[PDB]
Amino acid sequence: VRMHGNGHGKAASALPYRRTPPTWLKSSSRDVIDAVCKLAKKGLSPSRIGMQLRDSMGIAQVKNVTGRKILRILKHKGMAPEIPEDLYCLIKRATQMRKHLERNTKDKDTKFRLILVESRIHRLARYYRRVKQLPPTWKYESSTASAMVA
Amino acid sequence: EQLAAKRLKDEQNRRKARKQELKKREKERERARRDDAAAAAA
Amino acid sequence: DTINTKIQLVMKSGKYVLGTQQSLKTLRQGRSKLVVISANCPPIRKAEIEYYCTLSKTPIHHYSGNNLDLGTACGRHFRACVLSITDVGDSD
Amino acid sequence: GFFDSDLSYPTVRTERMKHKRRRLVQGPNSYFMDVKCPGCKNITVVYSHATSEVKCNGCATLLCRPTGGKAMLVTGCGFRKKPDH
Amino acid sequence: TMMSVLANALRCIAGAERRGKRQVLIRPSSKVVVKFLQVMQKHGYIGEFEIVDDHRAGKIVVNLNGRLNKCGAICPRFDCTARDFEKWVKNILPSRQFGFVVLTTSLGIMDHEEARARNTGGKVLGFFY
Amino acid sequence: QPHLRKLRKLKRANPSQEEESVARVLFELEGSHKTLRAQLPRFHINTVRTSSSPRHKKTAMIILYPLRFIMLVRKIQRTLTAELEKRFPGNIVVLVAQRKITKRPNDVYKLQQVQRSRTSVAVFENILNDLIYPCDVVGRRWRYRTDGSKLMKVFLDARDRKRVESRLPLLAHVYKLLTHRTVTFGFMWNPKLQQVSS
RNA sequence: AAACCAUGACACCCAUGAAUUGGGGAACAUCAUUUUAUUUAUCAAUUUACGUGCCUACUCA
RNA sequence: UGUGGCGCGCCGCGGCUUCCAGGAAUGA
Ligand SMILES: [K+]
Ligand SMILES: [K+]
Ligand SMILES: [Mg+2]
Ligand SMILES: [Mg+2]
Ligand SMILES: [Mg+2]
Ligand code: NA
């Protein structure tokens, strides 16, 4: 079941059993690393880099060739995002909802959804502080969070 | 400062080796070149 | 927003100035690529900046928010009435 | 119809109708195609379930349209499926 | 969520034997599950079984010969001193003449009759008869 | 002699006949072949072993090389083995990288620090991939019989049947010789649906 | 509140025939142009078949 | 024996120089 709902969704992707890249790829490991760094310069998240490689350049998985994960490559090159991508996308959604609530004070449905999203944020931040991906004494506040986001 | 000093020392050590002790192997490429150049027989 | 995303990219790998006095300084020196003006600008100050941009042949983008919104779009806790971009980085 | 089912070696018909992740060993449903657009003689590899924007290197024009499920190719283009390995 | 792989596997086998099936599929597999099945097979209660690899936790297909009446896990895994075997036999077994209680000891996973021979206690895992 | 550069430094003083013969062929292949001309001058082997049985009339020749050159060998294989087989009639040539295994420790704290490439499970499955290299494993099963016997079966893609079937009985023998474990082989047409050839 | 399904939440297994609400695949439409196998069989190596109505004198391939 | 399948083979070159660790990580 979902963390904060009643839905039972099963939609997901299924990775193959055979991990070797196909013989028609003809793309070196160095070339893949260069293509990854170029897109990050353009300002794309690790999720969007993987889809762009998959859709256009025929690379099914960036781990089967070059033996490394996308976020690990970015960390080595020093171009990793300041805060984890999943945490950032949740903070952006909460900001948009609060802006809508400023003009509409009778939207009790949106107030309920804001409670759920903020609960998810605090659970996520607790995990990242434990594995030392965020600095200790890092907090999410509704007033400050309007900045540092799209 | 102590952490910075040790970090700088390690960088120098990784620069001394793997650049001087390694890449010294031009000695064996010289010997290999001598073998190929020599042994002309005839 | 589309413009909001580009401003974030410039903040990361570009050059810019915030404020009326510094924006006019870059316009005189001819090192401006784009000028963004908030909807809150006083009518007589906006007319002066637009005149400078026409002289220097610099495009103008009219922001939809006010100076409070423009200041937060740059990751700042203060207000900014005009933003002048001098070097677009890995942005557009 | 006299044959009995074996759980470790399913028949072709039984396994063909199953949802992926419900098979004995789960696997992908997609593939890659070799697409040639009308003009510029260029060949580009396109994912079957492509949702991003795909353009040829030279022409800089759209090559497929994202949908729910398999992407739809532009009218002028033709494709050949690439081998799995 | 699923908290015990061993309890899940033993419930699938006991349910299938009640319905008179010939084969059963078990998912997911584990080291403890395989050891438990090897004890049952050695005494002649199930038969041949096969493990399928999928680069994740595997799957097991078990063949049933109709000799198994019931199997089950014991939760939590209570400690059993070597002098306490008779108490567990009296409580969860049909008689003192057949049936086994499976324990995990520092010498490995074994039935209660072998553990008495080697004079070792441990933690109770389950039973079958 | 220049051809001794293709052997490890320890074996250069007193090489064996099989090692010397292989080293001579590699050095001649260095300057003669076109594709092998590149990527060869960086390569040298460790040792050469020979095995045979009353059945499997062909003889197995195993060549072990340092693990650093695994990326070099992968691009070069399917051609190095073809030319070596031509110069050694009656033998089947196998290239295997030399790997180390860390014995399983007893403390939980020590176990958490073990590098996973040196695990015995990881090493053995890599040696299997070094064999039948142009093909890949498409499935693996373990069978537990009523007696304590246990069997492991490895499935290959049926499209490579014509190019690998003749060497399967000899490659199982080599795998047993190196790992002390037995393996059985099968073929799978349509590996996606787990269909076994017959 | 007869705030009721008078039936707490999460997880596993579970026989049969007709229907139904949303999404996808096959089809329609649009584009583009294995060995074998004379003497076989114990749980099959391919049941994947199939058309209609409306439609520029465009929220439409 | 021979037939039939066999797989491999049957901006390019050129000398010099300086800089450079950037591929070893259970699986999803
Ligand atoms: K009440
Ligand atoms: K619905
Ligand atoms: Mg909950
Ligand atoms: Mg009540
Ligand atoms: Mg996951
Ligand atoms: Na009621």
Side-chain angles (χ1 to χ4, degrees), chain A residues 1 6 8-9 11-15 19 29-30 33 61 63 65-69 72-73 76-77, chain B residues 15 17 22-23, chain D residues 1-6 9 11-17 19-20 29 35-38 49 65 67-70 72-80, chain E residues 1-5 7-16 18-19 21-22 24-28 54-57, chain F residues 29 32-33 35-36 67-68 70-71 79-84 86 114-119 121-122 134 158 161-162 164-166 187 189-190 193 195-198:
Chain A
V1 81
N6 278 343
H8 308 83
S13 64
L15 289 192
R19 314 224 197 81
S29 157
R30 259 181 79 237
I33 298 283
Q61 289 276 133
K63 194 169 144 278
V65 28
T66 88
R68 266 148 305 165
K69 285 173 162 103
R72 183 66 51 202
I73 295 156
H76 285 162
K77 294 326 194 63
Chain B
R15 218 160 191 76
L22 265 275
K23 298 267 206 238
Chain D
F2 272 140
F3 291 93
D4 271 359
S5 96
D6 180 340
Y9 295 107
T11 49
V12 165
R13 186 162 83 111
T14 280
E15 190 86 332
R16 183 169 36 81
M17 315 192 319
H19 184 249
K20 65 150 183 138
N29 249 337
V35 176
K36 181 189 186 324
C37 54
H49 298 65
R65 280 175 16 169
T67 80
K70 289 198 183 149
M72 167 185 249
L73 285 162
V74 181
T75 45
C77 312
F79 73 105
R80 305 201 83 290
Chain E
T1 53
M2 182 174 296
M3 311 256 165
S4 180
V5 163
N8 182 254
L10 260 21
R11 223 185 178 176
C12 287
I13 284 167
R18 188 187 235 247
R19 286 185 332 267
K21 304 288 280 181
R22 266 186 261 97
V24 68
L25 183 80
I26 291 156
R27 161 201 56 108
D54 46 353
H55 289 332
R56 313 140 169 96
Chain F
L29 268 176
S32 144
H33 213 279
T35 103
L36 298 164
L67 187 48
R68 333 164 217 150
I70 193 159
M71 276 318 136
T79 306
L80 193 65
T81 164
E83 316 286 35
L84 278 160
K86 268 152 59 155
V114 172
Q115 174 177 16
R116 292 289 208 125
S117 319
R118 306 174 114 97
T119 268
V121 157
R161 198 189 206 133
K162 273 199 195 284
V164 94
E165 223 212 335
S166 346
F187 286 104
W189 81 276
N190 198 314
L193 301 191
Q195 296 309 123
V196 182
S197 169
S198 55

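Chain naming here is simple, since letters A, B, ... match the order of the sequence lines and numbering starts at 1 in each.
- Considering only side-chain atoms of F:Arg161, the nucleotide from G:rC10, G:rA45, G:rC12 that sits closest is G:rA45.
- A:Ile33 comes within 4.0 angstrom of nothing in the nucleic acid, heavy atoms only.
- By the 5.5 angstrom centroid cut-off and the 30-degree plane limit, D:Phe79 is classified as not stacked against the base of G:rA32.
- E:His55 comes within contact range of the sugar-phosphate backbone alone, with a heavy-atom separation under 4.0 Å but no base atom that close.
- Going from the P atom of G:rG17 to that of G:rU38 covers 43 Å, rounded to whole Å.
- Residue order along RNA chain G, read from the 5' end via each residue's closest nucleotide, puts D:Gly68 first among D:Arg13 and D:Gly68.
- Here A:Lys69 does not reach the OP1 or OP2 of H:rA28: none of its side-chain N or O atoms lies under 4.0 Å away.
- Sugar pucker of G:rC4: south, since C1'-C2'-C3'-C4' comes out negative.
- The main-chain N or O of D:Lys70 is found under 3.5 Å from a side-chain atom of D:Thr67 such that the two form a donor-acceptor pair.
- Residue F:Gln115 has a polar side-chain atom (N or O) positioned under 4.0 Å from OP1 or OP2 of H:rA25.
- The E:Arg19 side chain lies nearest to G:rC13 when the options are G:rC13, H:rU26, H:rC20.
- Taking only side-chain atoms of F:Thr35, from C-beta outward, the nucleotide of G:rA11, H:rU26, H:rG9 with the closest atom is H:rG9.
- Applying the 3.5 Å distance criterion, the base of G:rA61 shares no donor-acceptor pair with the side chain of D:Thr75.
- Using a 4.0 Å heavy-atom criterion, one finds that E:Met3 contacts no nucleic acid atom at all.
- A donor-acceptor pair shorter than 3.5 Å can be found between the side chains of F:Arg161 and F:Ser197.
- Ranking G:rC10, H:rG9, G:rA45 by closeness to the F:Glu83 side chain, first place goes to H:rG9.
- Using the sign of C1'-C2'-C3'-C4' as the criterion, G:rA57 is classed as south-puckered.
- The torsion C1'-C2'-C3'-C4' is the criterion here, and for H:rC11 it is negative, giving a south pucker.
- One finds a side-chain N or O of A:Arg68 lying less than 4.0 angstrom from the OP1 or OP2 phosphate oxygen of H:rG23.
- Distance from the side chain of E:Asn8 is smallest for G:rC12 among the nucleotides G:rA45, H:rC19, G:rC12.
- The pentose of G:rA19 belongs to the north class of puckers. Its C1'-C2'-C3'-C4' angle has a positive sign.
- With respect to the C1'-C2'-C3'-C4' torsion, H:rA25 shows a south sugar, the value lying on the negative side.
- A distance of about 13 Å separates the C1' atoms of G:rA37 and G:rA41, rounded to the whole Å.
- Between G:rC43, G:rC10, G:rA45, one nucleotide has an atom nearer to the side chain of D:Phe3 than all others, and that is G:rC43.
- Across all strands shown, F:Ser197 has heavy atoms under 4.0 Å from base atoms, whether or not it also approaches the sugar-phosphate.
- Closest to the F:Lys86 side chain, of the nucleotides H:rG27, G:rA45, H:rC8, is H:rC8.
- Contacts of E:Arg27 with the nucleic acid, taken as non-hydrogen atoms under 4.0 Å apart, involve only primed sugar atoms and P, OP1 or OP2.
- Using a 4.0 Å heavy-atom cutoff across all strands shown, D:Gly69 reaches sugar-phosphate atoms only and no base atom.
- Contact of the A:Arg19 side chain with the E:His55 side chain is registered, since non-hydrogen atoms from C-beta on lie closer than 4.5 Å.
- Taking side-chain N and O atoms only, A:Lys63 has a distance below 4.0 Å to OP1 or OP2 of H:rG27.
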Applying the Watson-Crick and G-U criteria (both distances under 3.5 angstrom) with [ ] for crossing and | for other-strand pairs, one obtains for RNA chain H ............................
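- Residue-level contact check: F:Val121 touches neither bases nor backbone, having no heavy atom under 4.0 Å from any strand.
- At H:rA24, none of the side-chain N or O atoms of F:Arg68 fall inside 4.0 Å of OP1 or OP2 (strictly under the cut-off).
- Distances from the side chain of A:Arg19 to the nucleotides H:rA28, G:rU47, H:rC19 place H:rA28 closest.
- At G:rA26, none of the side-chain N or O atoms of D:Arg16 fall inside 4.0 Å of OP1 or OP2 (strictly under the cut-off).
- Going from the P atom of G:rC54 to that of G:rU30 covers 16 Å, rounded to whole Å.
- Contact annotation: E:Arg11 side-chain N/O to G:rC14 OP1/OP2 distance is not under 4.0 Å.
- Using a 4.5 Å heavy-atom threshold, the side chains of F:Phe187 and F:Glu165 count as touching.
- Look at G:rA26: its glycosidic torsion is beyond 90° from 0, and that puts it in the anti range.
- Listed candidates were H:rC8, H:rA28, H:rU26. Nearest to the side chain of F:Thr79 is H:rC8.
- Using P as the reference atom, G:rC31 and H:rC8 are 42 Å apart when rounded to the nearest Å.
- In H:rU18 the base sits anti relative to the sugar, since the glycosidic angle is further than 90° from 0.
- Counting only heavy atoms from C-beta on, E:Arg56 has its side chain closest to H:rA28 among H:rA28, G:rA11, G:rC13.
- For E:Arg18, the CZ atom counts as loosely surrounded, since its 6.0 Å shell holds 12 or fewer non-hydrogen atoms of other residues, nucleotides or ligands.
- Here G:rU30 is in the syn range [glycosidic angle within 90° of 0].
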Q) Could you go step by step and tell me if D:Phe79 and D:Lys36 meet the side chain to side chain contact (heavy atoms under 4.5 Å, CB included) rule? A) CA-CA 6 Å; D:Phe79 73 105; D:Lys36 181 189 186 324; over 6 Å; no
